[PDB]
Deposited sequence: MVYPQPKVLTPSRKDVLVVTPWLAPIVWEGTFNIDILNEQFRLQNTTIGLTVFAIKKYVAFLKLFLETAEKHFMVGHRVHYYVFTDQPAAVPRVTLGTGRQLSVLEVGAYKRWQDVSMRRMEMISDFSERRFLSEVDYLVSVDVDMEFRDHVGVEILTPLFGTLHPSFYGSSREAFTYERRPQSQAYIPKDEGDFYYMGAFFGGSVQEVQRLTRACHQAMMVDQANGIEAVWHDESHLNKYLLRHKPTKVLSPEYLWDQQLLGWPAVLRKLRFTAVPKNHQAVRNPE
């Protein structure tokens, strides 16, 4: 493979490492053949969690067919579909070493807390025996390009595609000191999107347990953070900084935002 070049930046146009030295994952920053090897040597299994409740079951067929084409291909994958409609999960043919489980789910407050509470419950009992990493994403999405082991790390979040260019003042953090998710006006590294985060099983157990326990405190006090579990994810990732950050290549909406020059690939995008 090509020799890395010490006196040429892998990118001239974007930050590729955070000020706490976590990589920011853009095309042109990684050699996938090296990463695939390192992860295959550990026989890595990736768990992918997705919620498909009420009408969202309609997004599963394309989400799964495209995941089969672009997500962790060559590695072991276990999809966990959380749904209120097990009979509406489509039977998608899977590649070798890939499996899918359906987890049936049973008041808008529990609906707001559902993702973090359910991942926390299942992460303890046990995603922990079944996978090495857990990745949580939204279901109204499709994979268009490679999303692979470059993202794997103890803890990651993803730059929200509407905010990667913004000053922190513009970030839609929870701004009321009465909320657990409160971030003051002068703090904040990045604005992470709730639609794509993950990490090792242990770090995901920690994060979801924290967010779930924080949301319950908010509820008991009659406040709901401006962007619900996303507000709390952002507070969590401020205090416990992610070990990689994914660029917006990993979470994009082409209808809303087009295809700007700093994105060399659009890997995982909103469905219209």
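- Absent C-alpha positions map to the deposited sequence ranges 1 to 2, 109 to 111, 278 to 287, in order along the chain.
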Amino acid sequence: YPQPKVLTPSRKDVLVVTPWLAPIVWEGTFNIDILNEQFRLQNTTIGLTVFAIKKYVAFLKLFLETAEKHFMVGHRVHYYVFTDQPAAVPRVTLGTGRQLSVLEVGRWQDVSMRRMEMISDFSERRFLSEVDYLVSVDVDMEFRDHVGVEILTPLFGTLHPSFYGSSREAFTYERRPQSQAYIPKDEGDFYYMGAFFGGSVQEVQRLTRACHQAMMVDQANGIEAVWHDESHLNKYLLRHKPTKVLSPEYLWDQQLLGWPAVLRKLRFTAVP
From here on, numbers count along this sequence of modelled residues.
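- Of the other entries compared for this protein that flank it with modelled residues, a third or more give no atoms for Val111.
- The mean Cα B-factor in the deposited entry runs higher for 224 to 232 than for the other of 40 to 48 and 224 to 232.
- The mean C-alpha temperature factor is higher for 112 to 120 when 112 to 120 and 151 to 159 are set side by side.
- Of all the options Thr93, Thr172, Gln99, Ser200, the entry's greatest CA B-factor is assigned to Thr172.
- The maximum CA B-factor among the listed residues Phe127, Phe196, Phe190, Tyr79, taken from the PDB record, is found at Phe127.
- Remark: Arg267 belongs to the lowest third of its chain, ranked by C-alpha B-factor as recorded.
- The entry lists a Cα temperature factor for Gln85 that places it in the middle third of the chain's modelled residues.
- The deposited CA B-factor of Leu103 belongs to the middle third of values across its chain.
- Annotation for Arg176: CA B-factor lies in the highest third of the chain's modelled residues.
- Ranked within its chain, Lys244 lands in the lowest third, by CA B factor from the PDB record.
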